[PDB]
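J.: Next comes run_35.cif, mmCIF, C-alpha atoms:
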data_my_file
loop_
_atom_site.group_PDB
_atom_site.id
_atom_site.type_symbol
_atom_site.label_atom_id
_atom_site.label_comp_id
_atom_site.auth_asym_id
_atom_site.auth_seq_id
_atom_site.Cartn_x
_atom_site.Cartn_y
_atom_site.Cartn_z
ATOM 1 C CA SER A 1 157.874 74.559 28.343
ATOM 2 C CA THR A 2 156.812 73.684 24.822
ATOM 3 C CA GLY A 3 154.318 74.821 22.197
ATOM 4 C CA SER A 4 152.714 73.100 19.210
ATOM 5 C CA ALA A 5 150.535 74.807 16.605
ATOM 6 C CA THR A 6 149.057 73.695 13.305
ATOM 7 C CA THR A 7 149.996 75.699 10.222
ATOM 8 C CA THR A 8 147.589 75.758 7.257
ATOM 9 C CA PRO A 9 148.099 76.709 3.592
ATOM 10 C CA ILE A 10 146.295 79.929 2.669
ATOM 11 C CA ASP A 11 145.230 78.613 -0.734
ATOM 12 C CA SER A 12 145.329 75.624 -3.089
ATOM 13 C CA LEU A 13 148.884 76.419 -4.213
ATOM 14 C CA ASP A 14 150.522 76.604 -0.765
ATOM 15 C CA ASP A 15 151.447 80.237 -1.477
ATOM 16 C CA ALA A 16 151.944 80.739 2.262
ATOM 17 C CA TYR A 17 150.963 79.167 5.576
ATOM 18 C CA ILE A 18 149.064 80.689 8.487
ATOM 19 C CA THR A 19 149.281 79.747 12.144
ATOM 20 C CA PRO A 20 146.876 80.973 14.858
ATOM 21 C CA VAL A 21 148.482 83.200 17.504
ATOM 22 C CA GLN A 22 146.871 84.499 20.687
ATOM 23 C CA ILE A 23 147.668 88.131 21.516
ATOM 24 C CA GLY A 24 146.568 90.057 24.560
ATOM 25 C CA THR A 25 144.103 89.620 27.403
ATOM 26 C CA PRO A 26 141.471 88.410 26.743
ATOM 27 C CA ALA A 27 143.088 86.615 23.822
ATOM 28 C CA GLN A 28 142.737 88.038 20.341
ATOM 29 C CA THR A 29 143.509 85.288 17.841
ATOM 30 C CA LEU A 30 145.198 86.370 14.617
ATOM 31 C CA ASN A 31 146.457 84.109 11.827
ATOM 32 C CA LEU A 32 150.112 84.954 11.251
ATOM 33 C CA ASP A 33 152.635 83.978 8.593
ATOM 34 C CA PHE A 34 155.576 82.432 10.466
ATOM 35 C CA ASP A 35 158.662 83.696 8.640
ATOM 36 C CA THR A 36 162.130 82.293 9.346
ATOM 37 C CA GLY A 37 163.491 84.946 6.945
ATOM 38 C CA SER A 38 162.558 88.007 9.038
ATOM 39 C CA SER A 39 162.491 89.078 12.652
ATOM 40 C CA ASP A 40 159.473 91.310 13.251
ATOM 41 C CA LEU A 41 156.151 90.217 14.745
ATOM 42 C CA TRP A 42 153.713 92.659 13.171
ATOM 43 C CA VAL A 43 149.948 92.701 12.903
ATOM 44 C CA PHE A 44 147.059 94.381 11.224
ATOM 45 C CA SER A 45 145.528 96.500 13.957
ATOM 46 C CA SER A 46 142.994 99.127 14.979
ATOM 47 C CA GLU A 47 145.705 101.616 13.936
ATOM 48 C CA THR A 48 146.044 100.355 10.347
ATOM 49 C CA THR A 49 144.897 102.874 7.720
ATOM 50 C CA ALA A 50 141.290 101.850 7.083
ATOM 51 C CA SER A 51 141.578 101.751 3.281
ATOM 52 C CA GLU A 52 144.456 99.260 3.632
ATOM 53 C CA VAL A 53 142.405 96.728 5.604
ATOM 54 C CA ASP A 54 140.350 94.260 3.519
ATOM 55 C CA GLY A 55 139.085 91.263 5.482
ATOM 56 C CA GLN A 56 141.959 90.755 7.920
ATOM 57 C CA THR A 57 141.419 90.230 11.616
ATOM 58 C CA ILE A 58 142.912 93.121 13.553
ATOM 59 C CA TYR A 59 144.611 93.432 16.919
ATOM 60 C CA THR A 60 143.061 96.162 19.075
ATOM 61 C CA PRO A 61 145.488 96.996 21.873
ATOM 62 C CA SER A 62 142.954 99.177 23.723
ATOM 63 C CA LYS A 63 140.900 96.004 24.326
ATOM 64 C CA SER A 64 143.836 94.144 25.898
ATOM 65 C CA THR A 65 144.427 94.649 29.616
ATOM 66 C CA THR A 66 148.061 93.556 29.223
ATOM 67 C CA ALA A 67 148.952 95.811 26.246
ATOM 68 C CA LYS A 68 151.355 98.675 26.864
ATOM 69 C CA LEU A 69 152.605 101.215 24.349
ATOM 70 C CA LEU A 70 156.357 100.904 23.867
ATOM 71 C CA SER A 71 156.825 104.639 23.972
ATOM 72 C CA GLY A 72 158.730 106.181 21.083
ATOM 73 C CA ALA A 73 159.296 102.915 19.247
ATOM 74 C CA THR A 74 158.600 102.646 15.525
ATOM 75 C CA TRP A 75 159.241 99.991 12.900
ATOM 76 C CA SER A 76 159.421 99.776 9.132
ATOM 77 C CA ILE A 77 160.200 96.717 7.038
ATOM 78 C CA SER A 78 160.618 95.861 3.368
ATOM 79 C CA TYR A 79 160.562 92.273 2.153
ATOM 80 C CA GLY A 80 162.248 90.521 -0.758
ATOM 81 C CA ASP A 81 159.062 90.549 -2.818
ATOM 82 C CA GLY A 82 158.803 94.344 -2.631
ATOM 83 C CA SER A 83 156.068 94.432 -0.004
ATOM 84 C CA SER A 84 156.351 96.567 3.128
ATOM 85 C CA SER A 85 154.699 97.696 6.336
ATOM 86 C CA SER A 86 155.363 100.101 9.204
ATOM 87 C CA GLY A 87 153.944 101.448 12.418
ATOM 88 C CA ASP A 88 154.386 101.681 16.185
ATOM 89 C CA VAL A 89 154.878 99.096 18.951
ATOM 90 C CA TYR A 90 153.113 97.600 21.943
ATOM 91 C CA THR A 91 154.261 94.943 24.353
ATOM 92 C CA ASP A 92 151.716 92.275 25.196
ATOM 93 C CA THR A 93 151.286 88.610 26.029
ATOM 94 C CA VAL A 94 151.642 86.328 23.006
ATOM 95 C CA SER A 95 150.931 82.598 22.942
ATOM 96 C CA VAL A 96 151.587 80.062 20.208
ATOM 97 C CA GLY A 97 150.265 76.558 20.562
ATOM 98 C CA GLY A 98 150.192 76.775 24.360
ATOM 99 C CA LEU A 99 153.589 78.488 24.756
ATOM 100 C CA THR A 100 153.298 81.934 26.301
ATOM 101 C CA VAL A 101 155.673 84.901 26.176
ATOM 102 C CA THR A 102 154.957 87.956 28.287
ATOM 103 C CA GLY A 103 156.269 91.355 27.216
ATOM 104 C CA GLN A 104 156.562 90.417 23.535
ATOM 105 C CA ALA A 105 156.961 93.309 21.116
ATOM 106 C CA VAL A 106 153.834 93.368 18.965
ATOM 107 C CA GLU A 107 154.405 95.735 16.071
ATOM 108 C CA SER A 108 151.150 97.448 15.143
ATOM 109 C CA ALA A 109 150.841 98.384 11.481
ATOM 110 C CA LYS A 110 149.815 101.900 10.589
ATOM 111 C CA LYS A 111 150.566 101.260 6.902
ATOM 112 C CA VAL A 112 150.812 98.109 4.798
ATOM 113 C CA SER A 113 151.547 97.738 1.094
ATOM 114 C CA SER A 114 148.996 96.528 -1.409
ATOM 115 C CA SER A 115 150.075 92.875 -1.416
ATOM 116 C CA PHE A 116 149.239 92.647 2.278
ATOM 117 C CA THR A 117 145.888 94.412 1.905
ATOM 118 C CA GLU A 118 144.983 92.112 -0.973
ATOM 119 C CA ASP A 119 145.658 88.973 1.039
ATOM 120 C CA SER A 120 142.682 88.667 3.383
ATOM 121 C CA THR A 121 143.995 85.457 4.953
ATOM 122 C CA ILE A 122 147.202 86.839 6.518
ATOM 123 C CA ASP A 123 146.733 89.001 9.610
ATOM 124 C CA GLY A 124 150.454 89.687 10.048
ATOM 125 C CA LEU A 125 153.875 88.079 10.278
ATOM 126 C CA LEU A 126 155.748 86.348 13.081
ATOM 127 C CA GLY A 127 159.471 86.557 12.416
ATOM 128 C CA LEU A 128 161.732 83.678 13.371
ATOM 129 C CA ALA A 129 165.115 84.758 11.956
ATOM 130 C CA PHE A 130 167.730 86.226 14.300
ATOM 131 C CA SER A 131 166.801 89.243 16.393
ATOM 132 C CA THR A 132 169.639 91.267 14.874
ATOM 133 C CA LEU A 133 167.315 91.825 11.871
ATOM 134 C CA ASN A 134 164.467 93.254 13.943
ATOM 135 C CA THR A 135 163.532 96.722 12.642
ATOM 136 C CA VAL A 136 162.232 98.398 15.807
ATOM 137 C CA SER A 137 163.897 101.726 16.494
ATOM 138 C CA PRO A 138 165.469 103.135 18.626
ATOM 139 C CA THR A 139 165.498 99.976 20.758
ATOM 140 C CA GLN A 140 165.697 96.756 18.751
ATOM 141 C CA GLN A 141 163.323 94.036 19.950
ATOM 142 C CA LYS A 142 163.570 90.262 20.274
ATOM 143 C CA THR A 143 161.642 87.655 18.334
ATOM 144 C CA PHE A 144 159.050 85.402 19.934
ATOM 145 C CA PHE A 145 161.553 82.508 19.773
ATOM 146 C CA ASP A 146 164.364 84.541 21.301
ATOM 147 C CA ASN A 147 162.070 85.581 24.171
ATOM 148 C CA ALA A 148 160.783 82.026 24.705
ATOM 149 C CA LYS A 149 164.151 80.294 24.396
ATOM 150 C CA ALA A 150 165.277 80.191 28.003
ATOM 151 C CA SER A 151 161.944 78.699 29.101
ATOM 152 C CA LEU A 152 161.864 76.007 26.425
ATOM 153 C CA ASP A 153 162.734 72.398 27.255
ATOM 154 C CA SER A 154 165.257 72.601 24.379
ATOM 155 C CA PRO A 155 166.208 75.790 22.501
ATOM 156 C CA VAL A 156 164.702 74.717 19.173
ATOM 157 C CA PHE A 157 161.711 75.061 16.962
ATOM 158 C CA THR A 158 160.697 72.824 14.076
ATOM 159 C CA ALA A 159 158.879 73.441 10.797
ATOM 160 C CA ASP A 160 156.865 70.592 9.310
ATOM 161 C CA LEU A 161 155.041 72.158 6.381
ATOM 162 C CA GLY A 162 152.476 70.177 4.409
ATOM 163 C CA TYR A 163 152.052 69.785 0.685
ATOM 164 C CA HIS A 164 148.487 70.893 -0.002
ATOM 165 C CA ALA A 165 147.751 70.019 3.641
ATOM 166 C CA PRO A 166 148.219 71.355 7.156
ATOM 167 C CA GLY A 167 151.457 70.906 9.059
ATOM 168 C CA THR A 168 153.003 71.873 12.370
ATOM 169 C CA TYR A 169 155.312 74.352 14.099
ATOM 170 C CA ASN A 170 156.691 72.992 17.375
ATOM 171 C CA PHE A 171 158.644 74.959 19.970
ATOM 172 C CA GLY A 172 160.979 73.414 22.525
ATOM 173 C CA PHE A 173 160.967 69.764 21.422
ATOM 174 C CA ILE A 174 161.643 67.485 18.479
ATOM 175 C CA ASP A 175 158.703 65.195 17.643
ATOM 176 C CA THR A 176 160.485 61.954 16.805
ATOM 177 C CA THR A 177 157.275 60.558 15.247
ATOM 178 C CA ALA A 178 157.135 63.336 12.645
ATOM 179 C CA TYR A 179 159.981 62.214 10.370
ATOM 180 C CA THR A 180 161.561 59.095 8.922
ATOM 181 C CA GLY A 181 165.174 58.012 9.281
ATOM 182 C CA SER A 182 167.594 60.382 10.973
ATOM 183 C CA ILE A 183 167.967 64.167 11.157
ATOM 184 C CA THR A 184 171.109 65.489 9.473
ATOM 185 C CA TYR A 185 172.442 68.658 11.052
ATOM 186 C CA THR A 186 174.435 71.278 9.195
ATOM 187 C CA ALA A 187 176.241 74.485 10.166
ATOM 188 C CA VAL A 188 174.547 77.879 10.213
ATOM 189 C CA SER A 189 176.034 81.319 9.714
ATOM 190 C CA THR A 190 174.168 84.082 11.517
ATOM 191 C CA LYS A 191 176.317 86.820 9.939
ATOM 192 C CA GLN A 192 173.446 88.150 7.799
ATOM 193 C CA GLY A 193 170.778 87.466 10.443
ATOM 194 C CA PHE A 194 169.314 84.472 8.605
ATOM 195 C CA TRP A 195 169.279 80.706 9.038
ATOM 196 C CA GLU A 196 172.018 80.549 6.409
ATOM 197 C CA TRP A 197 173.579 77.202 5.516
ATOM 198 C CA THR A 198 175.382 75.454 2.659
ATOM 199 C CA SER A 199 173.755 72.656 0.685
ATOM 200 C CA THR A 200 176.170 70.036 -0.645
ATOM 201 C CA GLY A 201 174.605 69.774 -4.124
ATOM 202 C CA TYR A 202 171.658 68.677 -6.197
ATOM 203 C CA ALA A 203 170.169 66.199 -8.619
ATOM 204 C CA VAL A 204 167.426 66.541 -11.213
ATOM 205 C CA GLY A 205 164.981 63.657 -11.417
ATOM 206 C CA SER A 206 166.790 60.333 -11.550
ATOM 207 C CA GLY A 207 170.014 62.048 -12.638
ATOM 208 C CA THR A 208 173.358 61.821 -10.933
ATOM 209 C CA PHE A 209 174.049 63.999 -7.933
ATOM 210 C CA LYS A 210 176.216 67.053 -8.559
ATOM 211 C CA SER A 211 178.432 67.883 -5.599
ATOM 212 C CA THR A 212 178.605 71.648 -5.326
ATOM 213 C CA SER A 213 178.289 74.100 -2.439
ATOM 214 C CA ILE A 214 175.105 76.187 -2.494
ATOM 215 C CA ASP A 215 174.869 78.819 0.229
ATOM 216 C CA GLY A 216 171.307 79.842 1.019
ATOM 217 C CA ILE A 217 168.709 80.579 3.668
ATOM 218 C CA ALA A 218 165.958 78.415 5.144
ATOM 219 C CA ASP A 219 162.980 80.741 4.694
ATOM 220 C CA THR A 220 159.459 79.649 5.568
ATOM 221 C CA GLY A 221 158.152 83.048 4.462
ATOM 222 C CA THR A 222 159.217 82.586 0.821
ATOM 223 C CA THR A 223 156.989 80.387 -1.347
ATOM 224 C CA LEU A 224 159.455 79.096 -3.929
ATOM 225 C CA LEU A 225 162.957 77.628 -4.200
ATOM 226 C CA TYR A 226 165.433 80.203 -5.587
ATOM 227 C CA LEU A 227 168.773 78.786 -6.710
ATOM 228 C CA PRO A 228 171.678 79.768 -8.992
ATOM 229 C CA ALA A 229 170.841 80.159 -12.674
ATOM 230 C CA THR A 230 173.052 77.218 -13.627
ATOM 231 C CA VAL A 231 171.130 74.850 -11.312
ATOM 232 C CA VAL A 232 167.735 76.166 -12.371
ATOM 233 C CA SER A 233 168.581 75.887 -16.075
ATOM 234 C CA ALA A 234 169.665 72.266 -15.550
ATOM 235 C CA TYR A 235 166.317 71.522 -13.901
ATOM 236 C CA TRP A 236 164.046 73.126 -16.501
ATOM 237 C CA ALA A 237 166.053 71.664 -19.396
ATOM 238 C CA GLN A 238 164.478 68.331 -18.392
ATOM 239 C CA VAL A 239 160.948 69.635 -19.002
ATOM 240 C CA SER A 240 159.854 69.787 -22.639
ATOM 241 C CA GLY A 241 158.683 73.247 -23.572
ATOM 242 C CA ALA A 242 159.868 74.939 -20.380
ATOM 243 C CA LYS A 243 161.379 78.376 -20.799
ATOM 244 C CA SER A 244 162.206 81.521 -18.889
ATOM 245 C CA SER A 245 159.681 84.239 -19.618
ATOM 246 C CA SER A 246 160.683 87.819 -18.878
ATOM 247 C CA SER A 247 157.042 88.874 -19.317
ATOM 248 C CA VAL A 248 155.799 86.417 -16.697
ATOM 249 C CA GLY A 249 158.828 86.828 -14.429
ATOM 250 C CA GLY A 250 160.449 83.413 -14.412
ATOM 251 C CA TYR A 251 160.354 79.875 -15.717
ATOM 252 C CA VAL A 252 157.073 78.593 -17.079
ATOM 253 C CA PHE A 253 156.241 75.180 -18.435
ATOM 254 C CA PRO A 254 153.385 73.454 -20.306
ATOM 255 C CA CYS A 255 150.657 72.495 -17.891
ATOM 256 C CA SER A 256 150.568 69.111 -19.675
ATOM 257 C CA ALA A 257 154.057 68.278 -18.362
ATOM 258 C CA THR A 258 154.995 65.772 -15.710
ATOM 259 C CA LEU A 259 157.712 67.475 -13.648
ATOM 260 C CA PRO A 260 160.847 65.671 -12.455
ATOM 261 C CA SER A 261 161.792 65.660 -8.805
ATOM 262 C CA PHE A 262 164.604 67.829 -7.454
ATOM 263 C CA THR A 263 167.051 66.601 -4.816
ATOM 264 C CA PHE A 264 169.171 68.805 -2.583
ATOM 265 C CA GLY A 265 172.039 67.757 -0.348
ATOM 266 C CA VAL A 266 172.304 68.245 3.394
ATOM 267 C CA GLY A 267 175.742 66.968 4.271
ATOM 268 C CA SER A 268 175.794 63.379 3.013
ATOM 269 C CA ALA A 269 171.985 63.193 3.217
ATOM 270 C CA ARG A 270 169.488 63.951 0.456
ATOM 271 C CA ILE A 271 166.064 65.620 0.499
ATOM 272 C CA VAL A 272 163.848 64.826 -2.483
ATOM 273 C CA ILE A 273 161.276 67.382 -3.617
ATOM 274 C CA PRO A 274 158.623 65.544 -5.662
ATOM 275 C CA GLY A 275 157.854 67.027 -9.069
ATOM 276 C CA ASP A 276 154.288 67.907 -8.080
ATOM 277 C CA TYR A 277 155.641 70.275 -5.403
ATOM 278 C CA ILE A 278 157.239 72.323 -8.196
ATOM 279 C CA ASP A 279 153.908 72.988 -9.978
ATOM 280 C CA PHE A 280 152.393 76.403 -9.179
ATOM 281 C CA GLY A 281 149.640 76.107 -11.728
ATOM 282 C CA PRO A 282 148.380 78.317 -14.542
ATOM 283 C CA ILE A 283 150.016 81.725 -14.831
ATOM 284 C CA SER A 284 146.501 83.190 -15.185
ATOM 285 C CA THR A 285 143.109 81.539 -14.913
ATOM 286 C CA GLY A 286 142.565 79.125 -17.807
ATOM 287 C CA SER A 287 146.106 79.350 -19.174
ATOM 288 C CA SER A 288 147.951 76.251 -20.319
ATOM 289 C CA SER A 289 151.248 77.831 -19.240
ATOM 290 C CA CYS A 290 152.116 76.915 -15.664
ATOM 291 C CA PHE A 291 154.471 78.694 -13.263
ATOM 292 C CA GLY A 292 157.500 76.847 -11.946
ATOM 293 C CA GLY A 293 158.371 76.399 -8.309
ATOM 294 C CA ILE A 294 162.144 76.475 -8.847
ATOM 295 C CA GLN A 295 163.347 79.890 -10.019
ATOM 296 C CA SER A 296 166.646 81.702 -10.419
ATOM 297 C CA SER A 297 168.082 83.657 -7.501
ATOM 298 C CA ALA A 298 170.171 85.796 -9.878
ATOM 299 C CA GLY A 299 169.656 89.384 -8.828
ATOM 300 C CA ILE A 300 168.120 88.480 -5.448
ATOM 301 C CA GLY A 301 171.642 88.269 -4.116
ATOM 302 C CA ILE A 302 170.966 85.152 -2.043
ATOM 303 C CA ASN A 303 169.704 81.639 -2.623
ATOM 304 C CA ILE A 304 166.446 80.861 -0.822
ATOM 305 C CA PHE A 305 165.265 77.461 0.361
ATOM 306 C CA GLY A 306 161.631 78.504 0.582
ATOM 307 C CA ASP A 307 158.500 76.465 1.165
ATOM 308 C CA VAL A 308 158.913 74.327 -1.974
ATOM 309 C CA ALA A 309 162.080 72.871 -0.442
ATOM 310 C CA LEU A 310 161.212 73.020 3.231
ATOM 311 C CA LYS A 311 157.848 71.252 2.902
ATOM 312 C CA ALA A 312 159.709 68.189 1.590
ATOM 313 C CA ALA A 313 161.461 67.891 4.975
ATOM 314 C CA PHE A 314 161.101 67.989 8.720
ATOM 315 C CA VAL A 315 163.298 70.989 9.590
ATOM 316 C CA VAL A 316 164.923 71.725 12.947
ATOM 317 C CA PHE A 317 165.901 75.310 13.710
ATOM 318 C CA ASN A 318 168.385 74.775 16.539
ATOM 319 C CA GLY A 319 168.911 77.986 18.489
ATOM 320 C CA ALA A 320 171.600 76.681 20.799
ATOM 321 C CA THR A 321 174.608 78.908 21.523
ATOM 322 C CA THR A 322 176.020 77.751 18.188
ATOM 323 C CA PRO A 323 172.925 77.485 15.982
ATOM 324 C CA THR A 324 172.484 74.677 13.462
ATOM 325 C CA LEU A 325 169.818 73.422 11.049
ATOM 326 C CA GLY A 326 168.582 69.859 10.823
ATOM 327 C CA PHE A 327 166.755 68.178 7.949
ATOM 328 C CA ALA A 328 165.009 64.818 7.843
ATOM 329 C CA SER A 329 162.850 63.142 5.247
ATOM 330 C CA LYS A 330 159.227 62.503 6.244
#
I need this file expressed as structure tokens, please.
T.:
Amino acid sequence: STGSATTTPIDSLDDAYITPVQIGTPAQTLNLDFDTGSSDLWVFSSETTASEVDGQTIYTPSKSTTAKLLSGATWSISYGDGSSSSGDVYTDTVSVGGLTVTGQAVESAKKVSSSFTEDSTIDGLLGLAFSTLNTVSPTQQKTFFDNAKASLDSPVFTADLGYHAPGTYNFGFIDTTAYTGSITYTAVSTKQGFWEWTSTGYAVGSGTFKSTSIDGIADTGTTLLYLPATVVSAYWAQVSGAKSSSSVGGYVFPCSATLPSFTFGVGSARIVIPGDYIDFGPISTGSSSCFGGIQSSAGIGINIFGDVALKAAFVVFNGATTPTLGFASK
């Protein structure tokens, strides 16, 4: 089997992407944030504290003939940005782009933090990291991909995120029309539960490529590109007036700037992030200070190849017995 679903930016900055997901019988369609950096499929629901729901579409398990309470199971998750959610668990039928999993753990939120409430466009998350990170207790649950894997034509999914435009998540096949040139594959460590890999270096603009190993995660659920302070400083030094602002929370730059591109290495291959992808616009409405899309990972504890990087590539998440990641230009 295969699945193919369109993923759509939630706003004009590509802060996140939502993908329609069918849950239950009859189908209830929720728009979920597909997150290769976590491993829980959780939704706003009829159980979510009413004051914490503001415009989201909710899953109502009592209206699904295939929903079953997973008795005694609870979940609780905290994300890198400080947001969190928790609740109980149902199993139900879940379909993405025509690919159906029966008996999928659907984690129903009883509580969500303010950032989730405030984002009316995201009805929940669909985790696509390794199932070892799943938070359900006392019986850990599998991700949608892990459950689908054996049925897929090939044990892969691909992320093809758009810049200020829709893109695609495919399951079970590689669309050879969706990228240019060849796909370069690189080793993955699953030791921390992430799609963790090592970039071979970087360049800033038309500068020379610096060969240096950068360990990080491919994370569709993180907006920006978080890299070591040395790398980030070298980038922003090429933008007149750019500076790190502790009050704003990272590098800012004059909105009048033209940003240089940023290249990262995948083996001997190179992915080029155009400068425009690195512009996250005014820090506040009407400001002439703009927020940068490349930020330091210092004090995160891990480097993160988030959407800024991934949307410059066609990315293969290969879930074979020995997982790997593939990147192609597009």
J.: Please report, as CSV, each residue of stretch 128-234 of chain A lying at most 9 Å from stretch 289-307 of chain A, together with the nearest pair of atoms and the separation in Å rounded to one decimal; use only C-alpha atoms, and order rows by chain and ascending residue number.
T.:
residue,atom,partner,partner_atom,distance
A:161,CA,A:307,CA,7.6
A:214,CA,A:303,CA,7.7
A:215,CA,A:303,CA,6.5
A:216,CA,A:303,CA,4.4
A:217,CA,A:304,CA,5.0
A:218,CA,A:305,CA,4.9
A:219,CA,A:306,CA,4.9
A:220,CA,A:307,CA,5.5
A:221,CA,A:306,CA,6.9
A:222,CA,A:306,CA,4.7
A:223,CA,A:307,CA,4.9
A:224,CA,A:306,CA,5.0
A:225,CA,A:294,CA,4.9
A:226,CA,A:297,CA,4.8
A:227,CA,A:297,CA,5.0
A:228,CA,A:297,CA,5.5
A:229,CA,A:296,CA,5.0
A:230,CA,A:296,CA,8.5
A:231,CA,A:296,CA,8.2
A:232,CA,A:296,CA,6.0
A:233,CA,A:296,CA,8.3
J.: Could you tell me which of A:162, A:72, A:286, A:103 comes closest to residue A:138 if we count only C-alpha atoms?
T.: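 The shortest atom-to-atom distance to residue A:138 comes from A:72.
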J.: Distance table requested - stretch 28-88 of chain A against stretch 143-149 of chain A, cut-off 10 Å, all atoms listed in the file: one row per qualifying residue with the closest atom pair and its distance in Å to one decimal, ordered by chain and rising residue number, as CSV.
T.:
residue,atom,partner,partner_atom,distance
A:38,CA,A:143,CA,9.3
A:39,CA,A:143,CA,5.9
A:40,CA,A:143,CA,6.6
A:41,CA,A:143,CA,7.0
J.: Which residues, named as in the file, does the PyMOL selection byres ((chain A and resi 182) around 9) pick out? Answer as a CSV table (one decimal) with C-alpha atoms, in the coordinates of the input.
T.:
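Wrote it out as result_7.csv, contents follow:
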chain,number,residue,atom,x,y,z
A,179,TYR,CA,160.0,62.2,10.4
A,180,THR,CA,161.6,59.1,8.9
A,181,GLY,CA,165.2,58.0,9.3
A,183,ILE,CA,168.0,64.2,11.2
A,184,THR,CA,171.1,65.5,9.5
A,327,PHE,CA,166.8,68.2,7.9
A,328,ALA,CA,165.0,64.8,7.8
A,329,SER,CA,162.8,63.1,5.2
J.: Between A:236, A:59, A:185, A:262, single out the one closest to residue A:90, counting all atoms listed in the file.
T.: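 Closest to residue A:90 of all the choices is A:59.
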J.: Do you know which residues are at most 12 Å from residue A:157 counting all atoms listed in the file, after dropping those on the same chain fewer than 4 positions away, and could you put them as number ranges by chain?
T.: A: 2-5, 34, 36, 96, 99, 128-129, 144-146, 148-149, 152-153, 168-175, 314-320, 323-326
J.: Between A:246, A:62, A:284, A:268, which residue has the minimum interatomic distance to residue A:108, considering all atoms listed in the file?
T.: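 For residue A:108, the nearest of the candidates is A:62.
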